[PDB]
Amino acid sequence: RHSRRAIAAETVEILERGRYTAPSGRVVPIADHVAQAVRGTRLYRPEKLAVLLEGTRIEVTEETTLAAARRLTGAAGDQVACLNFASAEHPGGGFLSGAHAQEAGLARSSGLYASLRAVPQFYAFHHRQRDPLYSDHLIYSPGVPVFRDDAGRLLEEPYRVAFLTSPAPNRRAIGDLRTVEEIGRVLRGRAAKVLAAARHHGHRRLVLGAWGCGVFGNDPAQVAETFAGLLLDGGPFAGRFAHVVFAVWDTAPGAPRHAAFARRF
């Protein structure tokens, strides 16, 4: 936990310095790619994504999001898109505090924070909203360099992925004060918009996972079913992506997040 905090601080200095040192001693430049990702970052408002909506190999694995991205990236030259299980209020989630979360791991391992911190409108919107359902706002971050592996080791060779940043409903704060069906309807609408944005930006390969099933307390089974409804049985995204990985690395005993996706997919 104090190590995460250290890794996060070091990642941030790397983003400021524009270069890092690999285990081999090779000095790796990332300034240009970081700058491109930031300049290419876009905020999509709910009604803009709605417009995109008006216009397949499936794997379930125990990989981290970035492990899956790196495997796909080594296998073909089209840039992979990864879903960031976004905090609605804090870019990078809690990573600089040393938080343990999917988003924090992305922020520690990549240029993602440089992109997200550049979109204050997204965070200010949810701050003012104060509603744990959040919104369909989405940040699209193209060509973000990734330069750490799962253990936190810097990479001899960085790679690039696109991130899609969209917050799942904070079901923990909602409790039973909204129905299972309302939450499901919000999830399905928001997931549709995420897939629409990915497809719109030319991404044929996606890394998804147990979105919102950490602190936010979403039901992994309901999340799996949300994606299945979009991607399978003639759903709106059936056959539109070449490859979708549900990368579900679950630390908890019984790996229940993973189990629900394995079962469904």
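One rule holds for the numbers: they count along the sequence shown, beginning at 1.
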{"property": "Gap size, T56 back to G55 (deposited sequence, no coordinates)", "result": "4 to 9"}
{"property": "Mean Cα B-factor comparison, 125 to 133 or 77 to 85, giving the higher one as deposited", "result": "125 to 133"}
{"property": "Comparing 239 to 247 with 253 to 261, the one whose average Cα B-factor in the PDB entry is higher", "result": "253 to 261"}
{"property": "Deposited CA B-factor, highest of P145, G184, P142, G94", "result": "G94"}
{"property": "Which of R160, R108, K193, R172 ranks first by CA B-factor in the deposited coordinates", "result": "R172"}
{"property": "Entry-reported Cα temperature factor of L177, expressed as the chain third it lands in", "result": "highest"}
{"property": "Third assignment of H90 from its chain's C-alpha B-factors", "result": "highest"}
{"property": "CA B-factor placement of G209, once the chain's modelled residues are sorted into thirds", "result": "lowest"}
{"property": "Chain-wide C-alpha B factor ranking for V60, given as lowest, middle or highest third", "result": "highest"}
{"property": "Cα B factor band for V119 (lowest, middle or highest third within the chain)", "result": "lowest"}
